[PDB]
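As stored in upload06.pdb (PDB, C-alpha atoms):
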```pdb
ATOM      1  CA  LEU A2046      -9.879 -37.773  35.205
ATOM      2  CA  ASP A2047     -10.510 -34.181  33.977
ATOM      3  CA  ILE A2048      -8.267 -32.701  36.692
ATOM      4  CA  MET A2049      -5.352 -35.022  35.860
ATOM      5  CA  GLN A2050      -5.555 -34.263  32.143
ATOM      6  CA  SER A2051      -5.627 -30.603  33.197
ATOM      7  CA  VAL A2052      -2.460 -31.343  35.221
ATOM      8  CA  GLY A2053      -1.033 -32.402  31.872
ATOM      9  CA  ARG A2054      -2.531 -29.565  29.872
ATOM     10  CA  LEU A2055      -1.565 -26.624  32.079
ATOM     11  CA  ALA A2056       1.850 -28.284  32.118
ATOM     12  CA  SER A2057       1.542 -27.907  28.334
ATOM     13  CA  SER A2058       0.208 -24.329  28.040
ATOM     14  CA  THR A2059       1.793 -21.008  29.010
ATOM     15  CA  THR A2060       2.339 -17.551  27.525
ATOM     16  CA  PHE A2061       5.702 -18.321  25.915
ATOM     17  CA  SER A2062       5.834 -20.618  22.905
ATOM     18  CA  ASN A2063       9.449 -20.989  21.697
ATOM     19  CA  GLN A2064      10.658 -23.720  24.056
ATOM     20  CA  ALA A2065      10.205 -27.428  24.678
ATOM     21  CA  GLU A2066       8.465 -29.504  27.357
ATOM     22  CA  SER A2067      10.651 -32.550  27.945
ATOM     23  CA  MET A2068      13.850 -30.957  29.354
ATOM     24  CA  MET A2069      14.125 -28.782  32.441
ATOM     25  CA  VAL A2070      14.532 -25.002  32.114
ATOM     26  CA  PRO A2071      13.490 -22.324  34.670
ATOM     27  CA  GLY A2072      10.222 -21.365  32.979
ATOM     28  CA  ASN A2073       8.776 -24.377  31.155
ATOM     29  CA  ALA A2074       5.214 -25.459  31.844
ATOM     30  CA  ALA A2075       6.170 -29.131  32.130
ATOM     31  CA  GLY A2076       9.293 -29.022  34.257
ATOM     32  CA  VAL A2077       7.973 -27.961  37.658
ATOM     33  CA  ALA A2078       4.944 -30.245  37.183
ATOM     34  CA  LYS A2079       7.383 -33.054  36.427
ATOM     35  CA  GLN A2080       9.354 -32.289  39.570
ATOM     36  CA  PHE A2081       5.859 -32.624  41.077
ATOM     37  CA  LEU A2082       5.179 -35.940  39.323
ATOM     38  CA  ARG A2083       8.686 -37.062  40.363
ATOM     39  CA  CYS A2084       8.017 -36.375  44.034
ATOM     40  CA  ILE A2085       4.520 -37.924  43.946
ATOM     41  CA  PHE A2086       5.468 -41.165  42.158
ATOM     42  CA  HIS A2087       7.283 -41.782  45.456
ATOM     43  CA  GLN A2088       3.769 -42.477  46.801
ATOM     44  CA  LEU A2089       1.103 -42.633  44.058
ATOM     45  CA  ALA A2090       2.718 -45.499  42.067
ATOM     46  CA  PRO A2091       0.894 -48.734  43.123
ATOM     47  CA  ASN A2092      -2.597 -47.199  43.301
ATOM     48  CA  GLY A2093      -3.656 -48.438  39.857
ATOM     49  CA  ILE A2094      -3.077 -44.914  38.541
ATOM     50  CA  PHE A2095      -2.174 -46.230  35.069
ATOM     51  CA  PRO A2096      -5.384 -47.601  33.407
ATOM     52  CA  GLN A2097      -7.549 -44.660  34.504
ATOM     53  CA  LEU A2098      -6.462 -42.525  31.519
ATOM     54  CA  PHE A2099      -4.910 -44.680  28.771
ATOM     55  CA  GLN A2100      -8.030 -44.916  26.572
ATOM     56  CA  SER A2101     -10.447 -42.902  28.729
ATOM     57  CA  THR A2102     -12.666 -40.225  27.214
ATOM     58  CA  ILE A2103     -10.860 -37.133  25.893
ATOM     59  CA  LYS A2104     -11.283 -34.543  23.143
ATOM     60  CA  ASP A2105      -7.638 -33.545  22.634
ATOM     61  CA  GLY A2106      -5.141 -35.873  20.915
ATOM     62  CA  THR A2107      -2.344 -33.292  21.364
ATOM     63  CA  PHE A2108      -2.425 -33.714  25.181
ATOM     64  CA  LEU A2109      -1.804 -37.488  25.047
ATOM     65  CA  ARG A2110       1.950 -38.413  24.917
ATOM     66  CA  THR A2111       2.824 -34.723  25.598
ATOM     67  CA  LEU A2112       4.744 -35.550  28.812
ATOM     68  CA  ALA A2113       5.238 -39.296  28.328
ATOM     69  CA  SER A2114       8.798 -38.324  27.408
ATOM     70  CA  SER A2115       8.826 -35.921  30.368
ATOM     71  CA  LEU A2116       8.428 -39.042  32.527
ATOM     72  CA  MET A2117      12.039 -38.638  33.562
ATOM     73  CA  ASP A2118      14.846 -40.256  35.617
ATOM     74  CA  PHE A2119      12.820 -41.018  38.831
ATOM     75  CA  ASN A2120      13.765 -44.426  40.215
ATOM     76  CA  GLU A2121      10.869 -46.169  41.930
ATOM     77  CA  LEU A2122       8.210 -45.663  39.256
ATOM     78  CA  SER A2123       9.960 -46.689  36.056
ATOM     79  CA  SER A2124       7.601 -47.514  33.196
ATOM     80  CA  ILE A2125       9.916 -50.421  32.288
ATOM     81  CA  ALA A2126       8.949 -51.728  35.737
ATOM     82  CA  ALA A2127       5.361 -50.540  35.113
ATOM     83  CA  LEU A2128       4.822 -52.350  31.792
ATOM     84  CA  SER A2129       4.997 -55.919  33.206
ATOM     85  CA  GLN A2130       1.240 -55.909  34.017
ATOM     86  CA  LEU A2131      -0.564 -53.557  31.592
ATOM     87  CA  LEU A2132      -0.938 -56.137  28.825
ATOM     88  CA  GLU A2133      -1.886 -58.966  31.172
ATOM     89  CA  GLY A2134      -4.297 -56.568  32.861
ATOM     90  CA  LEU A2135      -5.684 -55.503  29.489
ATOM     91  CA  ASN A2136      -6.329 -59.127  28.500
ATOM     92  CA  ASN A2137      -7.762 -59.761  31.972
ATOM     93  CA  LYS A2138     -10.987 -58.988  30.120
ATOM     94  CA  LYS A2139     -11.529 -61.347  27.195
ATOM     95  CA  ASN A2140     -12.898 -58.655  24.852
ATOM     96  CA  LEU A2141     -11.397 -55.168  24.761
ATOM     97  CA  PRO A2142     -13.107 -51.879  23.969
ATOM     98  CA  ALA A2143     -13.180 -52.800  20.315
ATOM     99  CA  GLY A2144     -14.154 -51.591  16.857
ATOM    100  CA  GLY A2145     -12.615 -48.221  16.181
ATOM    101  CA  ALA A2146     -11.507 -48.269  19.835
ATOM    102  CA  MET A2147      -9.490 -51.376  18.956
ATOM    103  CA  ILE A2148      -7.479 -49.158  16.583
ATOM    104  CA  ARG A2149      -7.301 -46.449  19.281
ATOM    105  CA  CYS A2150      -5.896 -49.106  21.650
ATOM    106  CA  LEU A2151      -3.314 -50.532  19.244
ATOM    107  CA  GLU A2152      -2.250 -46.951  18.512
ATOM    108  CA  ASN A2153      -2.573 -46.099  22.224
ATOM    109  CA  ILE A2154       0.123 -48.641  23.045
ATOM    110  CA  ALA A2155       2.053 -47.669  19.888
ATOM    111  CA  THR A2156       2.164 -43.956  20.760
ATOM    112  CA  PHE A2157       2.884 -44.860  24.385
ATOM    113  CA  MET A2158       5.732 -47.226  23.468
ATOM    114  CA  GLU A2159       7.380 -44.882  20.990
ATOM    115  CA  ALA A2160       8.260 -42.910  24.152
ATOM    116  CA  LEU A2161      10.454 -45.670  25.550
ATOM    117  CA  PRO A2162      13.469 -43.972  27.180
ATOM    118  CA  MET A2163      16.822 -43.740  25.459
ATOM    119  CA  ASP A2164      18.519 -45.164  28.582
ATOM    120  CA  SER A2165      17.191 -48.634  27.676
ATOM    121  CA  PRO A2166      19.685 -51.546  27.908
ATOM    122  CA  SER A2167      19.444 -55.126  26.621
ATOM    123  CA  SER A2168      18.440 -56.318  30.105
ATOM    124  CA  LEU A2169      14.838 -55.649  31.237
ATOM    125  CA  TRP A2170      13.055 -57.837  28.628
ATOM    126  CA  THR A2171      12.259 -60.558  31.190
ATOM    127  CA  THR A2172       8.434 -60.482  31.191
ATOM    128  CA  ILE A2173       7.310 -58.681  28.010
ATOM    129  CA  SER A2174       7.478 -61.056  25.023
ATOM    130  CA  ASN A2175       5.211 -63.507  26.858
ATOM    131  CA  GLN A2176       2.658 -60.752  27.399
ATOM    132  CA  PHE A2177       3.244 -59.820  23.771
ATOM    133  CA  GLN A2178       2.402 -63.287  22.453
ATOM    134  CA  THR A2179      -0.608 -63.640  24.762
ATOM    135  CA  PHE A2180      -2.166 -60.908  22.591
ATOM    136  CA  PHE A2181      -0.290 -61.446  19.305
ATOM    137  CA  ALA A2182      -2.008 -64.699  18.415
ATOM    138  CA  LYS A2183      -5.127 -62.481  18.537
ATOM    139  CA  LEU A2184      -3.634 -59.218  17.202
ATOM    140  CA  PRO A2185      -3.954 -59.522  13.371
ATOM    141  CA  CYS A2186      -7.191 -61.535  13.169
ATOM    142  CA  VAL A2187      -9.348 -58.797  14.751
ATOM    143  CA  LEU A2188      -8.552 -56.417  11.884
ATOM    144  CA  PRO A2189     -11.277 -56.364   9.191
ATOM    145  CA  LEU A2190     -10.658 -56.192   5.451
ATOM    146  CA  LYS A2191      -9.145 -52.941   4.054
ATOM    147  CA  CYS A2192      -9.298 -51.362   7.507
ATOM    148  CA  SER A2193      -6.999 -48.830   9.195
ATOM    149  CA  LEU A2194      -4.211 -51.403   9.481
ATOM    150  CA  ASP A2195      -1.656 -48.634  10.159
ATOM    151  CA  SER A2196      -2.144 -49.266  13.899
ATOM    152  CA  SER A2197      -0.511 -52.635  13.183
ATOM    153  CA  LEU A2198       1.943 -51.028  10.739
ATOM    154  CA  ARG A2199       3.548 -48.224  12.807
ATOM    155  CA  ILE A2200       3.883 -50.426  15.914
ATOM    156  CA  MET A2201       6.759 -52.424  14.341
ATOM    157  CA  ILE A2202       9.374 -49.660  13.992
ATOM    158  CA  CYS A2203       9.353 -48.756  17.675
ATOM    159  CA  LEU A2204       9.245 -52.473  18.371
ATOM    160  CA  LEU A2205      12.763 -52.255  16.830
ATOM    161  CA  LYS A2206      13.859 -49.240  18.941
ATOM    162  CA  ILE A2207      15.308 -51.632  21.560
ATOM    163  CA  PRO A2208      19.129 -52.084  21.592
ATOM    164  CA  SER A2209      19.347 -55.833  22.235
ATOM    165  CA  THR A2210      21.182 -58.767  20.660
ATOM    166  CA  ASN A2211      20.498 -61.990  22.580
ATOM    167  CA  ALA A2212      16.831 -63.039  23.010
ATOM    168  CA  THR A2213      14.988 -61.104  20.291
ATOM    169  CA  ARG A2214      13.580 -64.098  18.402
ATOM    170  CA  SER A2215      10.005 -64.531  19.693
ATOM    171  CA  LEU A2216       8.865 -61.434  17.755
ATOM    172  CA  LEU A2217       9.935 -62.825  14.362
ATOM    173  CA  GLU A2218       6.849 -64.986  13.904
ATOM    174  CA  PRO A2219       4.820 -61.778  14.319
ATOM    175  CA  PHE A2220       7.342 -60.226  11.898
ATOM    176  CA  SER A2221       6.301 -62.759   9.258
ATOM    177  CA  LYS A2222       2.673 -62.870  10.401
ATOM    178  CA  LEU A2223       2.534 -59.064  10.139
ATOM    179  CA  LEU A2224       4.507 -59.356   6.896
ATOM    180  CA  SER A2225       1.698 -61.552   5.565
ATOM    181  CA  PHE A2226      -1.386 -59.714   6.851
ATOM    182  CA  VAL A2227      -0.103 -56.440   5.404
ATOM    183  CA  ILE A2228       0.584 -58.102   2.033
ATOM    184  CA  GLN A2229      -2.602 -60.025   1.236
ATOM    185  CA  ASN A2230      -5.357 -57.977   2.901
ATOM    186  CA  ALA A2231      -5.143 -54.355   1.720
ATOM    187  CA  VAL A2232      -3.203 -52.110  -0.669
ATOM    188  CA  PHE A2233       0.226 -51.769   0.982
ATOM    189  CA  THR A2234       3.560 -50.416  -0.263
ATOM    190  CA  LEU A2235       7.317 -50.524   0.398
ATOM    191  CA  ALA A2236       7.697 -47.065   1.932
ATOM    192  CA  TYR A2237       8.033 -48.296   5.535
ATOM    193  CA  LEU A2238       8.824 -51.950   4.756
ATOM    194  CA  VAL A2239      12.416 -51.890   3.449
ATOM    195  CA  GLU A2240      14.382 -50.076   6.198
ATOM    196  CA  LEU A2241      13.799 -52.875   8.751
ATOM    197  CA  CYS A2242      15.899 -55.500   6.958
ATOM    198  CA  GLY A2243      18.652 -52.951   6.301
ATOM    199  CA  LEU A2244      18.889 -51.790   9.908
ATOM    200  CA  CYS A2245      18.827 -55.362  11.230
ATOM    201  CA  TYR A2246      21.488 -56.062   8.588
ATOM    202  CA  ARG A2247      23.692 -53.347  10.052
ATOM    203  CA  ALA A2248      23.605 -53.591  13.858
ATOM    204  CA  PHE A2249      22.468 -57.135  14.807
ATOM    205  CA  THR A2250      24.681 -60.348  14.669
TER     206      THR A2250
END
```
Structure rendered as structure tokens:
Amino acid sequence: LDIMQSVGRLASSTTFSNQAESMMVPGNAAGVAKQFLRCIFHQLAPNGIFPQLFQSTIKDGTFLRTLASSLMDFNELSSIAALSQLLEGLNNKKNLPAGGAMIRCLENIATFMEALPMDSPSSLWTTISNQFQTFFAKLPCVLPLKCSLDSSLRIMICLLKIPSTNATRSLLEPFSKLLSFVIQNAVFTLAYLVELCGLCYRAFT
């Protein structure tokens, strides 16, 4: 594990500091390592390379999600193809790494799935909402009273980052379940609770 997070981290550390690490330029720390990760996802894809470092032991939150957006155009390992099994493989065990690690897993998938690509059509939602609802009857009840419920809070706004119009209805009973668990359990507000209805008032049908 340590060497692959170093493959991230030395692709996130150089002598210059005034440039970004999710777009190619001759001299970024990411970009040649992402040409590397491009040419090795041609082989390394089906090896179970994904669950080895989602919630594995680290001491640097900055490194995680650093190159998740630098996971670029490469065809045969698309994460939209590589999401169809992570939730059904996570609930392959009946009880997750839980407690505080339950919050680090909800926010693991939240910070992972804020980096969905901006080339995302209304098409590849075949096998996701089922593997949503196979955890989402169990998602709010594991949260204790006045806990860090923000792991369930933030996850909704990048659950709305998907430009679709046709079959987006199975998530509404979470969207009233999670607009009941946020209301009655702890001290909530309307800072991040009012923009949702306005934006689904503008662009949906």
Padded axis-aligned box of range 2206-2213 of chain A (4 Å per side), centre and edge lengths, Å, one decimal, as lines of an AutoDock Vina configuration file:
```
center_x = 17.5
center_y = -56.1
center_z = 21.0
size_x = 15.3
size_y = 21.8
size_z = 12.1
```
To test your reading of the syntax: which residues would the PyMOL selection byres ((chain A and resi 2193) around 12) return for the file shown? Reply as an mmCIF file with C-alpha atoms, in the coordinates of the input.
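Final file, selection-v3.cif:
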```cif
data_model
loop_
_atom_site.group_PDB
_atom_site.id
_atom_site.type_symbol
_atom_site.label_atom_id
_atom_site.label_comp_id
_atom_site.auth_asym_id
_atom_site.auth_seq_id
_atom_site.Cartn_x
_atom_site.Cartn_y
_atom_site.Cartn_z
ATOM 1 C CA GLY A 2144 -14.154 -51.591 16.857
ATOM 2 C CA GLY A 2145 -12.615 -48.221 16.181
ATOM 3 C CA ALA A 2146 -11.507 -48.269 19.835
ATOM 4 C CA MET A 2147 -9.490 -51.376 18.956
ATOM 5 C CA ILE A 2148 -7.479 -49.158 16.583
ATOM 6 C CA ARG A 2149 -7.301 -46.449 19.281
ATOM 7 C CA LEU A 2151 -3.314 -50.532 19.244
ATOM 8 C CA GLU A 2152 -2.250 -46.951 18.512
ATOM 9 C CA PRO A 2185 -3.954 -59.522 13.371
ATOM 10 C CA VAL A 2187 -9.348 -58.797 14.751
ATOM 11 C CA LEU A 2188 -8.552 -56.417 11.884
ATOM 12 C CA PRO A 2189 -11.277 -56.364 9.191
ATOM 13 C CA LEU A 2190 -10.658 -56.192 5.451
ATOM 14 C CA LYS A 2191 -9.145 -52.941 4.054
ATOM 15 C CA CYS A 2192 -9.298 -51.362 7.507
ATOM 16 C CA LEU A 2194 -4.211 -51.403 9.481
ATOM 17 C CA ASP A 2195 -1.656 -48.634 10.159
ATOM 18 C CA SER A 2196 -2.144 -49.266 13.899
ATOM 19 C CA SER A 2197 -0.511 -52.635 13.183
ATOM 20 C CA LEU A 2198 1.943 -51.028 10.739
ATOM 21 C CA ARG A 2199 3.548 -48.224 12.807
ATOM 22 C CA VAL A 2227 -0.103 -56.440 5.404
ATOM 23 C CA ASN A 2230 -5.357 -57.977 2.901
ATOM 24 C CA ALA A 2231 -5.143 -54.355 1.720
ATOM 25 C CA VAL A 2232 -3.203 -52.110 -0.669
ATOM 26 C CA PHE A 2233 0.226 -51.769 0.982
#
```
Exercise: residue 2220 in chain A partners within 12 Å, all atoms listed in the file, chain neighbours under 6 positions left out, as a compact mmCIF listing (two decimals) with C-alpha atoms, in the frame of the given file:
```txt
# COMPACT_ATOMS: atom_id res chain seq x y z
CA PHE A 2181 -0.29 -61.45 19.30
CA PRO A 2185 -3.95 -59.52 13.37
CA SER A 2197 -0.51 -52.64 13.18
CA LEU A 2198 1.94 -51.03 10.74
CA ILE A 2200 3.88 -50.43 15.91
CA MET A 2201 6.76 -52.42 14.34
CA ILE A 2202 9.37 -49.66 13.99
CA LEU A 2204 9.24 -52.47 18.37
CA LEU A 2205 12.76 -52.26 16.83
CA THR A 2213 14.99 -61.10 20.29
CA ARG A 2214 13.58 -64.10 18.40
CA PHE A 2226 -1.39 -59.71 6.85
CA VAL A 2227 -0.10 -56.44 5.40
CA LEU A 2238 8.82 -51.95 4.76
CA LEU A 2241 13.80 -52.88 8.75
CA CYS A 2242 15.90 -55.50 6.96
```
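Among A:2215, A:2067, A:2058, A:2136, the residue with the shortest atom-to-atom distance to residue 2184 in chain A, counting only C-alpha atoms, is A:2136.
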Write out as CSV a residue-level contact list of range 2186-2245 of chain A versus range 2160-2172 of chain A with cut-off 8 Å: for each qualifying residue the closest pair of atoms and the distance in Å to one decimal, counting all atoms listed in the file, rows sorted by chain and residue number upward.
```
residue,atom,partner,partner_atom,distance
A:2207,CA,A:2165,CA,7.1
A:2208,CA,A:2167,CA,5.9
A:2209,CA,A:2167,CA,4.4
A:2210,CA,A:2167,CA,7.2
```
Original post:
Which residues match the PyMOL selection byres ((chain A and resi 2068) around 12) in the file above, as a PyMOL selection string?
Top reply: chain A and resi 2064-2067+2069-2080+2112+2114-2118
Original post:
Which value, in Å to one decimal, gives the distance between CA of residue 2092 in chain A and CA of residue 2122 in chain A?
Top reply: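 It comes out at 11.6 Å.
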**OP:** Dig up all the protein and nucleic acid residues within 10 Å of (-2.5, -56.6, 23.1) in the file frame, using all atoms listed in the file, and format them as number ranges by chain.
**Re:** A: 2131-2136, 2141, 2147, 2150-2151, 2154, 2176-2184
Subject >> From A:2240, A:2047, A:2218, A:2159, residue lying nearest residue 2102 in chain A [only C-alpha atoms] >> reply: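 Using only C-alpha atoms, the shortest distance to residue 2102 in chain A belongs to A:2047.
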**OP:** Between A:2206, A:2140, A:2237, A:2127, single out the one closest to residue 2094 in chain A, counting all atoms listed in the file.
**Re:**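 Selected residue with least distance to residue 2094 in chain A: A:2127.
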**OP:** Using CA of residue 2248 in chain A and CA of residue 2158 in chain A as the two end points, give the distance in Å to one decimal.
**Re:**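 That distance, rounded to one decimal, is 21.3 Å.
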